[PDB]
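Experimental structure below, sequence on top.
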Amino acid sequence: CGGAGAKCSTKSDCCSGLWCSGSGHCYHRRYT
């Protein structure tokens, strides 16, 4: 998975917990 601070195109670019800020980098909404 992506992760907190990982570049993303969608939130699916990270594990369910790190959400994609628009299309930049995932933020730790769920923390983990």
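Yes, it's here. Numbering: from 1, shown residues only.

neighbours of residue 18, just the number please.
Residue 18 is surrounded by 24 other residues when neighbours are defined as other CB atoms under 10 Å. C-beta here means a position set from N, CA and C on the backbone, and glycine is covered the same way.

Quick one: residues contacting the closest residue to it other than its chain neighbours.
Counting by CB to CB, 6 or more residues apart in numbering, residue 18 lies nearest to residue 26, which is 3.8 Å off, once chain neighbours are set aside. The contact partners of residue 26, by CB atoms under 8 Å, 6 or more residues apart in numbering, come to 2-8, 11, 13-14, 18-20.

and what of residue 2?
Neighbouring residues of residue 2 by CB under 8 Å, 6+ apart: 8, 13, 14, 15, 18, 20, 26.

Tell me how far it lies from residue 16.
Distance from residue 2 to residue 16, counting by CB to CB, to the nearest Å: 11 Å.

re the thing from before, redo the contacts of residue 2 as a markdown table? Include distance to residue 32 and secondary structure.
As requested, the contacts of residue 2 are exported to a markdown table (distance: CB to CB, whole Å; DSSP: H, G, I helix; E, B strand; the rest coil):
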| residue | distance to residue 32 | secondary structure |
| --- | --- | --- |
| 8 | 16 | coil |
| 13 | 16 | helix |
| 14 | 11 | coil |
| 15 | 8 | coil |
| 18 | 8 | coil |
| 20 | 16 | strand |
| 26 | 12 | strand |
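
Filter these down to the buried ones.
8, 13, 14, 18, 20, 26 (16 or more other CB atoms under 10 Å).

and the nearest residue to residue 23 once chain neighbours are set aside, helix, strand or coil?
Nearest residue to residue 23 in three dimensions, chain neighbours excluded: residue 9, at 5.7 Å (CB to CB, 6+ apart). Here residue 9 is coil, with the state taken from DSSP: H, G, I helix; E, B strand; the rest coil.

Quick check: bridge partners of the residue nearest in space to the middle of the chain?
Nearest to the geometric centre of the chain sits residue 26, at 2.6 Å (CA atoms, centre = their mean). Using DSSP bridges, the bridge partners assigned to residue 26 are residue 20.
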